[PDB]
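The structure appears below as structure tokens.
In the authors' numbering, the protein residues as written are 1 to 321.
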């Protein structure tokens, strides 16, 4: 029976928490996961205060090597725009990238703005102020979201850019995915970006989005998976899943990563971390798919296992997988 600690990304926290509960039921091993955001995850694994870190934003090969870290992906999720719009039901509103960016720039202030009406010609839109919500904490969901906005809105690209933290033009700060979900629930007229489970499991309305190919798409597990079908995983785990081509490709998709040290000073901890995630790849798909996370292809799992064997060792050089 091991007691493991992880910290970081809230984007996959629902699935990690479910996996950890199940794992403990089945094996007795205990995994404590703190959802503090990706930036904090990276800080804590570098600091050696947890057995594993978690970040939705990948570290570069060079950064990993500088820090003695190894990164591997776990699941594929999607970022949606949770909304609180009087008189509309979930999934009714469509936004495109440009107009979403104009909302986040503060250029569009009301939900019946002409640019929104044009995207939604059959819909009766209220004269409700838009209450923009964004992350307060250093966030991989923010990194994915702003990566997307930079592709689709040039003004955003040039003035705000991409980051886990940026200088938000407008918008109230929510802590974690959970914090944004709570703000959207409490604020008539809100819009906030969250990983899909945080909308669905909180019964929040959400929008459709226009795909890179120009078609309205609903956020679903399958459509997150579709956004990754063009990914050449063999080349790198650090795949960009935003604004990808193809049918039914949800435009704000991302994988998410676990970070561990290559030289495990507590090798039994490291061994057990790998056993937990290996169990999750082998047995955890229904739990992920229940929470609308798409699973990595088997070939990717096999890449991860091969890489564990060559990268994760004790201080004497012995592999821990």
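Idealized CB from N, CA, C, for every residue including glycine.
Limits of the alpha helix (DSSP H) - the one that residue 50 falls within: Where residue 50 is concerned, there is no enclosing alpha helix (DSSP H), given that its DSSP letter is neither H nor E.
Inter-residue Cα distance where the pair is residue 155 and residue 321: 47 Å
One or two residues paired with residue 258 in a DSSP bridge: 54, 72
DSSP three-state assignment for residue 34, whether helix, strand or coil: strand
Alpha-carbon spacing of residue 172 relative to residue 162, whole angstroms: 18 Å
Runs of beta strand (DSSP E) wholly within the region 110-192 (minimum 3 residues, chain order): 131-135, 172-174
Neighbour-count burial assignment, residue 66, 16 or more Cβ in a 10 Å radius: exposed
Span of the alpha helix (DSSP H) around residue 64: 61-67
Top-ranked residue by Cα proximity to residue 148, from 309, 78, 299, 319: 78
In DSSP terms, what residue 46 is bridged to: According to DSSP, residue 46 bridges with nothing at all.
Touching by the beta-carbon criterion (3+ pairs, under 8 Å), the region 2-20 and the region 244-257: yes
Inter-stretch contact at 8 Å, needing at least 3 Cβ pairs: the region 304-320 / the region 95-106: no
Under the three-state DSSP convention, the category residue 104 falls into: helix
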